[PDB]
Amino acid sequence: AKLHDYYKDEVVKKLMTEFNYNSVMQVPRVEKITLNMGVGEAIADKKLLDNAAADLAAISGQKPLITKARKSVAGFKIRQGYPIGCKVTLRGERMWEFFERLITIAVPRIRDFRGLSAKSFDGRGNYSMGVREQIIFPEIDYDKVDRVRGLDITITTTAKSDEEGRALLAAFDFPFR
Amino acid sequence: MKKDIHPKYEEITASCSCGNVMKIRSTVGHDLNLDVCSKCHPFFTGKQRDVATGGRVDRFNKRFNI
Amino acid sequence: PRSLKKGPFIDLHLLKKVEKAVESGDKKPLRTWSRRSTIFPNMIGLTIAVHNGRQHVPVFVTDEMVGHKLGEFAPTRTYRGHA
Amino acid sequence: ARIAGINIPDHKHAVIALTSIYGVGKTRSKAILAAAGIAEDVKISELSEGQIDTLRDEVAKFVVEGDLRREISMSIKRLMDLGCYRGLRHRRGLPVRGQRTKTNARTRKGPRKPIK
RNA sequence: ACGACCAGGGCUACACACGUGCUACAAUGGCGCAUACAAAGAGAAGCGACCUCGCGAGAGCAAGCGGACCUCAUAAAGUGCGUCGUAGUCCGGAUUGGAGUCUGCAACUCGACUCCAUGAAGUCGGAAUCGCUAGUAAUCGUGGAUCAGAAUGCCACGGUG
RNA sequence: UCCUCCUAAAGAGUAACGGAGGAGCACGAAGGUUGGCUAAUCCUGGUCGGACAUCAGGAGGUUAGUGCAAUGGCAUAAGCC
Ligand SMILES: [Mg+2]
Ligand SMILES: [Mg+2]
Ligand SMILES: [Mg+2]
Ligand SMILES: [Mg+2]
Ligand SMILES: [Mg+2]
Ligand SMILES: [Mg+2]
Ligand SMILES: [Mg+2]
Ligand SMILES: [Mg+2]
Ligand SMILES: [Mg+2]
Ligand SMILES: [Mg+2]
Ligand SMILES: [Mg+2]
Ligand SMILES: [Mg+2]
Ligand SMILES: [Mg+2]
Ligand SMILES: [Mg+2]
Ligand SMILES: [Mg+2]
Ligand SMILES: [Mg+2]
Ligand SMILES: [Mg+2]
Ligand SMILES: [Zn+2]
C-alpha cells in the first residue's frame, strides 16, 4: 500500500491542481489490473496450460482463472469450452504491490528497455501493455523454466478520458517514453 | 481471498546494486539481490545518450585536413 | 580503402567544376566521367550526371553522400530477372 | 549471471560466458576481465557480486545488444535510403563485398530455388 | 573503316546446372604458454636486417647484400604442461557492420591484408564415382614463376609416414 | 404415417400429382428445486497471436440463444452458471 499511500497524498493533490476538478471523487483512480496469458498451444496438452497458471501464480499470488473459448472457430481448431488461457484479476493492496514490483523491478529487467507507448490507452483511460517474456519477473527462476511465455497487462482505471490516465500513470512515474 | 489455494505471499527484502532497499510481498521466500532498479536504470540519461547518430561531414573533416 | 595520409581523391577538372558551380551557385547538371572521385562537402546540393558506361545518370548530392565515391550511385549492370 | 540485460551460464568460464554477450568476443572479454582484475579460468560460479558489478560496469563501457543492433540497422538503412550499390545489394539480397553471384552466393541467397 | 586515338564501362552479371579445388563438420581435436629438427629456391627501379612506434596489417630511420658471406626467413605438424569435456560446442568459419594499412594517377563497380564485433550451413555426405603398390598414399609446412599490387591455382621442396 | 408455415376467405375446420421444409430421436441430466447471471455483432488497445482464440473498455440492446425443422413464445427469463 506504499503506492496507494503515495496516491492518496500526492497524486490526488497533483491532479486536482492540474485539472481543476470540482470534487476529489472526480479524480481518476486505478481499479483493477488484469493479467492474461492467451495459451493457444494448450490444445496439444493441458500441462502447458497447467504450467502457465503455475508461473503466473508466482507473479501474482493468486490462483489464476483458466479461461475458455466463448465460441468455436475452426481456424484455430477450438470448440466452445476448451481451456485456452488463464487470467488473474488484481484488486486492492495486491494490485498496488504488484504495480510496485512491476514499475520498480520488472520494467528495468526488460532486455533493451527504452520506454513504453503512450498510444495504448484505448480511448478511455484504460492502459494495456504486453510483455514478451516472464523472466523479467524475479519470482521466476531462470533454470526452472519450461517454455518462454508472454503475457499482457491491462490496467483498468476510472479515468474517463485518455489523458487523465496518462496523467495518472505519469504521477506514478510510469515509464512511457 | 480463499485460504489455502493461493501461494504464499510474504514480505521480503530486495536490495540492489545501486544500494536500493525495498521490501515487497512476493512468492520467493528468500531475500533478493537485484541488478537494476528504477532508480539506477539508465532510462533518463543513458538511453538519451544511446541514440548516437553521428555526422558524415564531421567524420569527413575529422579524417584529415585540406 | 585509401590511406588517410594520402587523403581523399578527386579529379582536378571536377574540383574546378565544383569551385565554379559553388561560386556561381548554379545547380545545372554537371556531366562527369569521374566515377572514382570522392564526394566533398562542397558538392552538396548539386546535380552531377555520372557516367555509367552508356549514359550520364543525374545524381542529386546529399549530406550523407560525402564519404563515398560518385560511382556508387551509377550502377553499370541492369538486371531485372530471368523469368 | 545476468549481465547487460541477458543471462549468463554459470558453469562456463568467464571469457566464454562473456562472449555470450552480443558485442564482445574473446578479445574484448579479456579486456573486460583484465580491467576487473578477474582471472579468466574462474567461473561465473564463485564470483562475488562486487565482481559482477565491476563486470557490468566494464561491459557498460562499450556498445552492446540493443544499442549495437540499432546502430547496425541504422547503417544498413542509411545505405538503403541512399540507393548506393551496397544498398542495392542489401535489398536485392545479393552479396555486397564484391563476391561471385554466378556460383556460391548461397549464404545471402539461401538454399536453391528450383526452376518449376 | 572490319583500320587508328581517348574516357568510362564490361570481360567479375545470376532463377539455375556441371567440372576441378579449398576449409570444415572436431577430442588421433580446438586454445594458451614453452620448446626441437628441414630441404630447395629468389634478390638491385630489388631482398631489405637492427632499433623505435603501432594490438595489428604496417610505418620511420636504416645496415648488409648482384650475394655457400647479407636478406627474404621464426619451418609447421611434433613434444611438454595446463585447458575445454561432447554440446552446433572454446568445432566451424561463412556473411555483414564499423575502424584502418599498403600498392598504385586511381581500389565504387572491381584488390589484398589487419583490428573489433558478427557467428550461416555443416554433426562425415544418395545413386554414382576417383586416385594410389613405398618413402607411395595420407598429412604438414616452405619457396618460386607470372606480378606495382593481386592465388585455395601451377611448378618445385623437404618433414612425419 | 406424423410435425410446421402458406393456400385457408381476421373463431374452428377446409381440397389438388398445390408451394416450401422436417420426423421415425435424444437426455439419469439436456429432469426437479433454490440461489445467481444476461446475449449477437462491431470499435479501440494489447506478448507469441494472425480476418477470427484469450484479456480490458465502449457502442449496441437480443439483430443471440432454445438438443433437432418451422411457427408461436420466452427478461419474472422457458436462455446461461
Ligand atoms: Mg559475443
Ligand atoms: Mg580503353
Ligand atoms: Mg574469365
Ligand atoms: Mg610496438
Ligand atoms: Mg603443440
Ligand atoms: Mg590445450
Ligand atoms: Mg572459433
Ligand atoms: Mg574473427
Ligand atoms: Mg545442421
Ligand atoms: Mg557434434
Ligand atoms: Mg616473387
Ligand atoms: Mg605478386
Ligand atoms: Mg382460421
Ligand atoms: Mg373465416
Ligand atoms: Mg433446457
Ligand atoms: Mg430463480
Ligand atoms: Mg483483437
Ligand atoms: Zn538498482
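About the thresholds
Residues numbered from 1 in each chain as written, not as in the entry; some residues may be left out. Chains lettered and ligands numbered in written order. Part of a larger assembly, values for the part shown. Heavy atoms only, no water. UniProt positions renumbered as here; feature names shortened; annotations may be inferred. Pairing = 2+ DSSP bridges. Helix = DSSP H or I, 4+ residues; strand = E, 2+ residues; numbered from the N terminus. Axes fitted to C-alpha atoms, helices over the stretch in contact; angles between N-to-C directions. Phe/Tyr/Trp six-rings, centres within 6.5 Å; stacked < 30°, edge-to-face > 60°. Buried < 20%, exposed > 50% of the residue type's maximum accessible area, 1.4 Å probe, protein only. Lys NZ or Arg CZ within 6 Å of the ring centre and 35° of its normal. Near = heavy atom within 4 Å. Polar contact = N/O pair within 3.5 Å; in protein donor to acceptor, adjacent residues only side chain to side chain. Nonpolar A, V, L, I, M, F, W, Y, C, P; charged D, E, K, R; others polar. Contact = heavy atoms within 4.5 Å. Buried area = accessible area lost by both parts, 1.4 Å probe. Salt bridge = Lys/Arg side-chain N within 4 Å of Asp/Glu carboxyl O.

Its PDB record attributes the structure to cryo-EM, giving the resolution as 3 Å.

For chain D, the PDB entry supplies the name 30S ribosomal protein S13 and the organism Escherichia coli. The record for the entry shows the title "CspA-27 cotranslational folding intermediate 2".

Taking the PDB entry as the reference, chain B is identified by name as 50S ribosomal protein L31 belonging to Escherichia coli. Of chain B, the UniProt comment under Subunit (unreviewed entry) reads exactly: "Part of the 50S ribosomal subunit." Comment text from UniProt for chain B, heading Function (unreviewed entry), reads "Binds the 23S rRNA."

Trainee: If you had to explain the sheet that holds strand 3 (residues 56-60) of chain C to someone new, which residues and values would you point to?
Mentor: All names here are of chain C. Ordered in space as 1-2-3, the 3 strands form an open sheet in which the pairing is mixed. Strands at the two margins of the open sheet, each flanked by one partner only, are strand 1 (30-32) and strand 3. Put simply, the sheet's adjacent strands are angled 30° from each other on average, direction ignored. Across 3 bridges, the pairing between strand 1 and strand 2 (residues 47-51) is parallel. If you follow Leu30 over to strand 2, its bridge partner there is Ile48.

Trainee: Tell me about the packing of aromatic side chains, and name the residues and values.
Mentor: Tallied over the full model, the rule gives 16 aromatic pairs over all chains. When the centroid spacing of 6.0 Å and the interplanar angle of 10° are considered together, the rings of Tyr7 of chain A and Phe172 of chain A count as stacked. With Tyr7 of chain A in helix 1 (residues 2-19) and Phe172 of chain A in the segment after helix 4 (163-171), the pair connects residues that are 165 residues apart, well separated along the chain. Grouping residues by exposure puts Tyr7 of chain A and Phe172 of chain A together as buried. Ring pairing ties together the aromatic residues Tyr6, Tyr7, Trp96, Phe99, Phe121, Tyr127, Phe172, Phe174 and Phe176 of chain A, which thus form one cluster. In this structure, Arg94 of chain A is placed above the aromatic ring of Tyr9 of chain B, and the distance from its NZ or CZ to the ring centre is 3.7 Å. In this structure, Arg28 of chain D packs its charged tip against the face of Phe62 of chain D, placed 4.5 Å from the ring centre.

Trainee: How would you summarise the protein's contact with RNA strand F if you had to cite specific residues and measurements?
Mentor: Residues and elements named next belong to chain A. The full set close to RNA strand F counts 33 residues, and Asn36, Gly38, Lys87, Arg132 and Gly150 are the nearest of them. The backbone of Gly40 places a nitrogen or oxygen atom 2.8 Å from a base oxygen of RNA strand F. Residue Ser128 places a side-chain N or O atom 2.6 Å away from a sugar or linking oxygen belonging to RNA strand F. Of all the secondary-structure elements, those providing two or more residues to the surface near RNA strand F are strand 1 (30-38), strand 2 (65-68), strand 3 (83-90), strand 4 (127-131) and strand 5 (151-157). Sort the elements by how many residues they give to the surface near RNA strand F and strand 1 lands first, with 5 residues. Tallied by class, residues from the surface near RNA strand F come to 10 nonpolar, 12 polar and 11 charged.

Trainee: How would you sum up the UniProt feature "binding site: Zn(2+)" (unreviewed entry) in chain B? Please name residues and give values.
Mentor: Mapped onto this structure's residue numbering, the UniProt feature "binding site: Zn(2+)" (unreviewed entry) falls at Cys16, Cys18, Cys37 and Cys40 of chain B. Annotated residues spanning 25 residues; largest pairwise C-alpha distance 9.1 Å, indicating a single compact cluster. By the secondary structure assignment, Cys37 of chain B is in the loop between strand 3 (32-33) and helix 1 (46-49). Residue classification places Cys37 of chain B among the buried residues on the basis of a relative accessible area of 0%. Residues in contact with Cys37 of chain B, not counting those within four places in the same chain, are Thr104 and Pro108 of chain A together with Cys16, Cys18, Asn20 and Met22 of chain B. Setting aside residues no more than four positions away along its own chain, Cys40 of chain B makes contact with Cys16, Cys18 and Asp35 of chain B.

Trainee: Got a sec to walk through the interface of chain D and chain B? Specific residues and values, please.
Mentor: Each partner contributes to the interface: chain D provides 6 residues, whereas chain B provides 6 residues. Summed over both sides, the interface between chain D and chain B buries roughly 560 Å², with carbon and sulfur atoms accounting for 28% of that surface. The largest per-residue losses of area from chain D upon contact with chain B belong to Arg56, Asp67 and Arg78 of chain D, which jointly make up 49% of the total buried on that side. If you look at where chain D meets chain B, you find 2 salt bridges. For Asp67 of chain D, the salt bridge identified is with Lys47 of chain B, shortest N-O distance 3.8 Å. Taken together, the elements giving at least two residues each to the side of chain D that touches chain B come down to helix 3 (49-59) and helix 4 (65-82) of chain D. Among the elements that make up the side of chain D that touches chain B, the one with the highest residue count is helix 3 of chain D (3 residues). Across the side of chain D that touches chain B, the residue classes tally to no nonpolar, no polar and 6 charged.

Trainee: I'd love a proper account of the interface of chain A and chain B, names of residues and values included.
Mentor: Across the boundary between the two partners, chain A contributes 22 residues, which contact 19 residues of chain B. Buried area between chain A and chain B, both sides added, is near 1,800 Å², and the carbon and sulfur share of it is 64%. Between chain A and chain B we count 2 salt bridges in total. Residue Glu93 of chain A is joined to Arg25 of chain B by a salt bridge in which the shortest nitrogen-to-oxygen separation is 3.9 Å. Taken together, the links from chain A to chain B amount to 8 residue pairs in polar contact. Those elements giving two or more residues to the side of chain A that touches chain B turn out to be helix 2 (46-59) and helix 3 (93-106) of chain A. By residue number, the principal contributor to the side of chain A that touches chain B is helix 3 of chain A, which donates 9 residues. Each residue belonging to the side of chain A that touches chain B can be placed in one class, and the counts come to 9 nonpolar, 4 polar and 9 charged.

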